[PDB]
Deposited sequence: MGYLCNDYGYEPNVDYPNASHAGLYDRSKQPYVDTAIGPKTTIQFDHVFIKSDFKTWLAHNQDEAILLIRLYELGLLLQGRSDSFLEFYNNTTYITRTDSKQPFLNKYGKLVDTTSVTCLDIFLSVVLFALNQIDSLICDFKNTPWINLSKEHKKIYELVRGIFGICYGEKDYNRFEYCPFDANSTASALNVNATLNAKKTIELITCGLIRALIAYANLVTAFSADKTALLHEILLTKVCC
């Protein structure tokens, strides 16, 4: 008969299990730290959040999604949020290359309400869908032709995934004059390279989002269960 049937004292008592001899957890006792940074709430009913755990284990990808939130703000005409987005960073020198986004990441981790987090994911998905629609338009004919709206999106999204302006192999050193002919040929190569940089950014962001929103959805099931007793 099966020996794993739902009786698991080590799962019921995780802090005591971290004192055992066979615990392999990478950061023991973190799994029981409780505060705004590890919970969400609905109607001030709190749960330990898979969504918050994801943000912590995946800071780099979280910052990718936050940059897409900022894109979403601009495309939705949220002018003040966009223009104040890098405020209150304190430093007059460079620090981390993504400093303003790290700061926003800390504030997202500190957000507990379902209402606020619903807004975050909604804007991110809006941005993801805009990028997908752009790629489909770009690739629907070999001769590149974009809708007016997608021409705008193209440049904004290129500024995130590249080709990043100002950040050598196209010059023809054997006959510099021939570079003029090369530029014509390479203009389409640069646009196609941009779309591949955007496409491979989208896939990374989609895998992150798929997992993050599933964790959030799971958190909401836990809230639905807990609320029935509270």
Unmodelled intervals of the deposited chain, in order
1 to 3, 171 to 174, 238 to 241
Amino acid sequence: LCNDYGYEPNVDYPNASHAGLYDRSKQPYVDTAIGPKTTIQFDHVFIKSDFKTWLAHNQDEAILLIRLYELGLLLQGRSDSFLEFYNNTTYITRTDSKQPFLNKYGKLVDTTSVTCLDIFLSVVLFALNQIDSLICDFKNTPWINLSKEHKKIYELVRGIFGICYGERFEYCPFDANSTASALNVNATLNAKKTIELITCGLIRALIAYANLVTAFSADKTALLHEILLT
From here on, numbers count along this sequence of modelled residues.
Higher-B stretch (mean Cα B-factor, as the entry records it), 178 to 186 or 50 to 58
178 to 186
Per the entry, where is the mean C-alpha temperature factor higher: 1 to 9 or 220 to 228?
1 to 9
In terms of recorded Cα temperature factor, pick the maximum from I40, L64, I34, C200.
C200
Among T112, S122, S97, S133, where is the Cα B factor highest in this entry?
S97
Assert third(CA B-factor, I163) within chain per record equals highest
Grab the CA temperature factor for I207 from the record and place it in the lowest, middle or highest third of its chain.
middle
C-alpha B factor of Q76, ranked within the chain: lowest, middle or highest third?
highest
Taking the chain's C-alpha temperature factors as the reference, tell me which third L68 falls into: lowest, middle or highest.
lowest
Among the chain's modelled residues, which third holds the C-alpha B-factor of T214?
lowest
